[PDB]
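Presented below, as structure tokens, is a lone chain in the form deposited in one PDB entry.
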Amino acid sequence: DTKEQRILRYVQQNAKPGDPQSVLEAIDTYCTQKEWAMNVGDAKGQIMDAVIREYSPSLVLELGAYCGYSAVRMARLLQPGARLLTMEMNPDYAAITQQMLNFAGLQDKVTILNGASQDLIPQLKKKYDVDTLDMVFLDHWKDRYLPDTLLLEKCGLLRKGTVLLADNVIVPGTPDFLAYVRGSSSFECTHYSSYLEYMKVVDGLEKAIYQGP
């Protein structure tokens, strides 16, 4: 098996079906005690939770799903009827994520789109009936953060107040994105210093709120 299949099986055997908090705890335990994996983790996850609670977004887009940890973490905090769309290019990972969401009981709140963000973003309005997004979690390959932000804006998917929350702005880092949003009058930015998942290494999140053109 793969590490991702091992994570899934661990959840299935050490968490309670339909209990998202138990799922998060099982993943965190496995990734602390057995094998590291690139989930946002509990340190940064607590900051994400605080942000989600503040904004109560009705429609969230996540870029990069992996095994579903962040999707579970966000979706468990959504209000009834609110929704998450998550984009995942790797079909093996998409299948893990779906199974993870199913086990957590969150499958009605989340749609996992199997494809590359740069191909799926232009389809959101017509194919997926999206008007504008309330929040975007950027956590895919770091070189896509700026191009996809710019694409989201081109596609008319951002509105005044759309919250972008970007993982890993220190490690691995996303220097072009960070410079761009911090220098642009179209974003109001805040840095949340934290730690790399499961590691004593500094990392951080950036929140960038879109202000319009």
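Only residues modelled in both forms are compared. Numbers follow the displayed sequence, beginning with 1. In this text, the rigid core denotes the largest set of C-alpha atoms whose superposition between the two forms falls within 1.5 Å.
Separately, the form deposited in another entry exists; it is not shown, and the next lines address it.
- Positional change of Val202 between this form and the one not shown reaches 2 Å or more at the C-alpha, relative to the superposed core.
- Annotation: Cα of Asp28 displaced by less than 2 Å between this form and the one not shown, core superposition.
- Relative to the superposed rigid core, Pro57 undergoes a CA displacement smaller than 2 Å between this form and the one not shown.
- With a change of no less than 3 Å, the CA-CA distance between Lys16 and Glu197 is larger in the other entry than in the form shown.
- A decrease of at least 3 Å in the separation of the C-alpha atoms of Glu25 and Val40 is found in the other entry, compared with the displayed form.
- 37-42, 195-203 make up the set of runs between this form and the one not shown where every Cα shifts by 2 Å or more, each run at least three residues long, with the core as reference frame.
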